[PDB]
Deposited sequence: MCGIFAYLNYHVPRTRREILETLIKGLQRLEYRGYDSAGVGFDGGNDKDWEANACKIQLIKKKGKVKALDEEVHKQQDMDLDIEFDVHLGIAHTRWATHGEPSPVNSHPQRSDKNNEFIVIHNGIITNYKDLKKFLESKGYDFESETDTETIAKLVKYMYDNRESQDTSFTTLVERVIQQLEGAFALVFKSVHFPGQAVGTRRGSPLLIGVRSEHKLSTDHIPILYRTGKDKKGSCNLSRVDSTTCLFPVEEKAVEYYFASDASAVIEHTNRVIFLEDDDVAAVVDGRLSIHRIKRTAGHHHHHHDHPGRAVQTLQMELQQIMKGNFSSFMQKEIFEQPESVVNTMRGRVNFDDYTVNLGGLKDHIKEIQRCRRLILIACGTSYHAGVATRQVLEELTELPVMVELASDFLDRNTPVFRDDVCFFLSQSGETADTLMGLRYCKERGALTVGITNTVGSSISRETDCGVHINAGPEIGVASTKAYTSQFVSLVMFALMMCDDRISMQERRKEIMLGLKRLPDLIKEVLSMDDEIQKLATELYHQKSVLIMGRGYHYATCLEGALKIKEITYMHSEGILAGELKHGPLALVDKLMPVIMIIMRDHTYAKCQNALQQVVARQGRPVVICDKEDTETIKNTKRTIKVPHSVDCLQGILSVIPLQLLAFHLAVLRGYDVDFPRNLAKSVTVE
């Protein structure tokens, strides 16, 4: 889900400039949820903007943001020309994991049939059922099935039983969160508090951006405890200021790079155009707009695939020195010594991030000599897996906010393990709560299906492995071999990308099929698993990854001349075993596509369809073998008329149950 609100204080904006700012903000957040959207602004058509802050208009519609963008426009009642000197507008895109994605369930929610309080919520309230029964007895009627509505009907209940006639908007929100259980990121708007916003979070991201041509009164807002000119953030001499509430930074970078990342239970409140926190550091974001633009590509997923030569280079920047063959991950300098005294490595993650652990498990075992265990986070938790004080637990999460991965982290901390975060988002929960960690530095990933995150995690774990063995004489040559492979890896990725048209042709032969089996073993077990997941996610074909050594134990019965098959056969120590699996497939009349090395003349002669990739080091070849399957999934989705950036039934980053 996504949160975005635009508060222009004494910065005249017409009702069109505002709605186009809310929609544009949701477009920056759409990748976090695109099942429905909605906006909440001030209604009325009075020239004097002051007489309009008592009327709240809600425009909510099912579908992506573009469905709401048209619903907002071509309306017969809203006059888009009213100039507002002060105005607050809130917006929200929803990932409807439950129920119907109807406008009634979309946000902003309301507290009554006159819109006295409207709230946009990211998260879950684990006790909304109890809150629902309490509010219904007092005389409140519910309309939607969402847990967010209980937050709107409750902020009004605290307002209908206040002690003084002018209790601050903060005090009302404070009494609400004290009754809410679970995680949430909230942004309130009320007719009684015109222009005033309140932003509180608990286990969910929520920052506040600020723009103003004038100087700001401070760069460290002091948190308060139940508010003068030496306490609030505001322009000194004048009042011109623009705020940007948002659950992510991509929705604010376009307007400003000065945000204030809140913290759990911090109740921010903009009053009279002054930001004050209740219960900070105005900082510059280290992000360029170009990082979240498609550039000259028609989709984010395509950009992020073809930019892997660059994102791989950025992952190694300032960390790999090829002149002297040294590896230094600054994030682990203070802990690498104690990590080596531990006795087991555990990798915990979900989805594609879990595959990154599978793809590097073997080389981690080789260079550390430690037992390495790779766990799906959801099953890790279900089994109450045993963890000990001398375990080193890695948590792979591009977003750094995945629910199951994050709960596994707190589980391992409680048991005394040493925790390490491999993330792509700075300031994320997983990056903060681990003892140490590494930012893979692949840049923002906007596509729902992870591509560069996978290859960057891959490289990051290999660099860690290289540190763990830099004192072993017997492993020096093996280290050099791997590092030379990394030096040559960016260009070899470019070579794979130059086969784009040859992949697209093979896709024209498969798009009509219902299933495809992707078979590999050893280093390329993860490759066939990740490729199957990618084809599932964006093409909707029933693709499954099968461990090649397991074919003879049952799954081979499914192969006939009609079943499409993709096999991975690389020139490593399992080559002969992979050739035997291939012969078993052919015996069953299978006609597979084989991803193989360019020099594998034997395979190239005896197979019609081959995808010939350049040879790298055996423990890096998985990066080159997966890219064709990224490209194949892309072209298949295009051939089938589907969107590669907005696959049905889900969104990016699972931060709730």
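Missing from the model, relative to the deposited sequence, are the stretches 1, 228 to 240, 294 to 309.
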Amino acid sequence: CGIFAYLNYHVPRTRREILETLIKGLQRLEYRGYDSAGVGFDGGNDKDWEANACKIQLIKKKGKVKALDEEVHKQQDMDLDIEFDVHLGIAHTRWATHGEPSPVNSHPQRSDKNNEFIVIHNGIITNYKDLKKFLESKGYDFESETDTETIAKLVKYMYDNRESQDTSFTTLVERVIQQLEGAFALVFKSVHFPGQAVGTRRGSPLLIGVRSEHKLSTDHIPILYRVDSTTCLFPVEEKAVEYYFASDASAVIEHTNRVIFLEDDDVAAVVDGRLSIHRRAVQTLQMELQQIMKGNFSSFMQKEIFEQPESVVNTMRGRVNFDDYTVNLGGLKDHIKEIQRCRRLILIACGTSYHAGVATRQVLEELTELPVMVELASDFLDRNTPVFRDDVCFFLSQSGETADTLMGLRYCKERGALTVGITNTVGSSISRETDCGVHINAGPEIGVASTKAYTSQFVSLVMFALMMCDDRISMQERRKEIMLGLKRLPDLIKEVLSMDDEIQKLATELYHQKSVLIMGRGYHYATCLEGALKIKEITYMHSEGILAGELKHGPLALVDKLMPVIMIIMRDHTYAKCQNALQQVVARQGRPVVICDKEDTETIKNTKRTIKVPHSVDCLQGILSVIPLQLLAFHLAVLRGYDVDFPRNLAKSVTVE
From here on, numbers count along this sequence of modelled residues.
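In the record comparison, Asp35 is modelled in each of the other entries of this protein that model the residues flanking it, with no third of them omitting it.
When the other compared entries with both flanking residues are checked, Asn52 is modelled in all of them, not unmodelled in a third. Stretch comparison (635 to 643 versus 15 to 23) by mean CA B-factor in the PDB entry places 15 to 23 on top.
Higher mean CA B-factor, judged across 63 to 71 and 41 to 49 from the recorded values: 41 to 49.
Note on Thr231, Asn296, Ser378, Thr315: the highest value goes to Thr231, judged by CA B factor as recorded. Of the candidates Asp323, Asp572, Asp265, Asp390, the deposited coordinates give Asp265 the top C-alpha B factor. In this PDB entry, the Cα temperature factor of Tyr159 sits in the top third of its chain's modelled residues, the highest group. The entry lists a Cα temperature factor for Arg94 that places it in the middle third of the chain's modelled residues. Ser353: CA B factor in the lowest third of modelled residues in this chain (values from the PDB entry). For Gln630, the recorded CA B-factor ranks within the lowest third of the chain. Only modelled residues enter the ranking.
Sort the chain's modelled residues by C-alpha temperature factor and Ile611 lands in the lowest third, per the entry.
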